[PDB]
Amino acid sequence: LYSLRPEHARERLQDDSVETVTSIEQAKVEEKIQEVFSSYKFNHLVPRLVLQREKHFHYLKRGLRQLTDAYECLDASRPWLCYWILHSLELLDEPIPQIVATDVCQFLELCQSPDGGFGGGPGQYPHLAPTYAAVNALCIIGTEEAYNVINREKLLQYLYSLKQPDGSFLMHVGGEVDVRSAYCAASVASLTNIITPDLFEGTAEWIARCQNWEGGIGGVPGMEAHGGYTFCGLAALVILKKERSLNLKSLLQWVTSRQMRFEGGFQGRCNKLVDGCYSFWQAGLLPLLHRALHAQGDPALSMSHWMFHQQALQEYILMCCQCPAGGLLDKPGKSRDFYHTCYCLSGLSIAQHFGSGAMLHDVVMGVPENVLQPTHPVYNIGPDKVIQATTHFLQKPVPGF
């Protein structure tokens, strides 16, 4: 394993003897991770990376039905819980009962607002985060019924209701503004085919203002480059077919710098710590950046791998981010939840599967049963559900008015 090797130990943190609050914390994670790495040596077994797929399935399968009061804090993020669970199962190649999928469809219909979009639960004001989630859920199911839950004529009204003169959108009426709104609107509007000519007017320009001196993208122009916002920005530009509104060179140097030499997983910001959900937000940026670069006819691009260590990210996840009882997590010690479950898995799948036209170099770490279904690097739903949804809505006219 790239990680359990002896030279990899030189990838340990160089403190410079000038220790700050950052060195300290980083060095702490590194030790807890080292332990996991050396887990094998101390115990005298041969290393066998395996994805506790059954344990994970039973966790997800239960949460799709009911959660403890520990989830009272995500009571305004219910379409998210459907998405995270229904996508983890989707990647684990697990089943979505013709009855459960309906209930999900029926529940989301209750979340949907008469003004368009979706709320965090029955009766909540529509918000772009839950709308993005509800739409991705409905597409993962992908049936006349699910698709039919989405009110496209109302969704455009709503999208237009949030649209800002400078190109940005609010997340909800009277709500905040940051790149998530741009990606959320772009993802749902494109999939459901409601993109008019002036919908995203000036949106690519605002998103390009979020790109700062680091090569990365921040929440709003002027802010620190962050991995979850950089994915929202890049993916939003890929949808709008405007990746080129950014300096892709520096964006590439920035994203690639985010992978932890010693841990293998990614960090959300320069000098922060690794975190499993970033296995998708950050690593997902390379496939996006492959297309982008090859699109401008780049020669130096690989025909088998992404521009990050696919091996190291799969070791990090398999070894360090898996919960014995099921579910994945931030890093060792951290508790499990459906968000990290949905994102460590999405990142594993990004890491295991490459593409480049007709090239297909999958890399599956450990037990080959560890390979996951594929996921689309823009929507983060199976590439088939994406294709299936867009075309179905494509036979509907954009809500012209």
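Note that the rigid core is defined as the largest set of C-alphas that superpose within 1.5 Å between two forms. So that there is no doubt, residue numbering starts at 1 and follows the sequence shown.
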property	result
Farther-lying stretch by C-alpha RMS in 9 other deposited structures of this protein (rigid core fit) among 36-44, 359-367	36-44
Of 8-16 and 381-389, the stretch whose C-alpha atoms average the higher B-factor in the entry	8-16
Mean temperature factor over C-alpha atoms, higher-scoring stretch between 290-298 and 114-122	290-298
Maximum C-alpha temperature factor, selected from 315, 178, 103, 75	103
Highest recorded Cα temperature factor - choice among 341, 43, 26, 375	43
B-factor third for the C-alpha atom of residue 30 within its chain	middle
Relative C-alpha B-factor of residue 239, binned into the chain's lowest, middle or highest third	middle
CA B-factor ranking of residue 154, expressed as a third of its chain	middle
Residue 186 - Cα temperature factor, lowest/middle/highest third of chain	lowest
Chain thirds of CA B-factor: placement of residue 307	middle
